[PDB]
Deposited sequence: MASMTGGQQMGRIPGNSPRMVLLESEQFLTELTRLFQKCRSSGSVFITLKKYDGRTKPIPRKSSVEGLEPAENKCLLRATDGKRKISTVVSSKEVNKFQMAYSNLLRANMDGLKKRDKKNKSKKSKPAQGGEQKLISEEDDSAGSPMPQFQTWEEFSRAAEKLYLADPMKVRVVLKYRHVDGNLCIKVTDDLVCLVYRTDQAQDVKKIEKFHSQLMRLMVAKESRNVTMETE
């Protein structure tokens, strides 16, 4: 795997999406990650693969806004081979997107350090899949509607912001 820079990751990601158009899938995983005395630096690890070549990057609160503007655009642009214009969540151990989102959100807030957010895009099949799990409870949401790409991206991206957000702890 290869730890990359913000922009080196985004270019490498784009290449993954490009190589899996005739076949394959692109998986993306997100997760919280852990002289003069500075309060530290909250982060999230971002990994992606096409089954052969594995890449990763570490985003912090100092660059989520700038990163996310590029990252959000790249997801929407590259995940474009969907039903022009199947759908539905699962509570494993929701039909509506609404029920899925809420459930996945509580699962995240429960224990931020143990939860993994997964994205799987299969261009050839014309389907996108998002999974939020803590390895015990699993919540997935499958779609083939090009209209669901936007909200699935915005959501996945908001979780990223929660992972990175800094909290004024009070010593």
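Coordinate coverage of the deposited sequence breaks at 1-19, 54-65, 117-127, 136-149, 228-232, these segments carrying no C-alpha atoms.
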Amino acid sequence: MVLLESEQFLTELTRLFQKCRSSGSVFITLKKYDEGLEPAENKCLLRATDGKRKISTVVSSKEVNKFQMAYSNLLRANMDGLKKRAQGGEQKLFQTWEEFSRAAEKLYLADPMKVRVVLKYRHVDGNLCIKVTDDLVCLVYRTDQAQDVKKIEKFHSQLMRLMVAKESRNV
From here on, numbers count along this sequence of modelled residues.
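For the pair 52-60 and 38-46, the mean Cα B-factor is higher in 38-46. For the pair 156-164 and 18-26, the record assigns the higher mean C-alpha temperature factor to 18-26. The entry lists a Cα temperature factor for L75 that places it in the lowest third of the chain's modelled residues. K66: CA B factor lies in the highest third for its chain, per the PDB record. In the deposited entry, the Cα temperature factor of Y141 sits in the bottom third of values across the chain's modelled residues. Ranked by Cα temperature factor within the chain, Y108 sits in the lowest third according to the deposited record.
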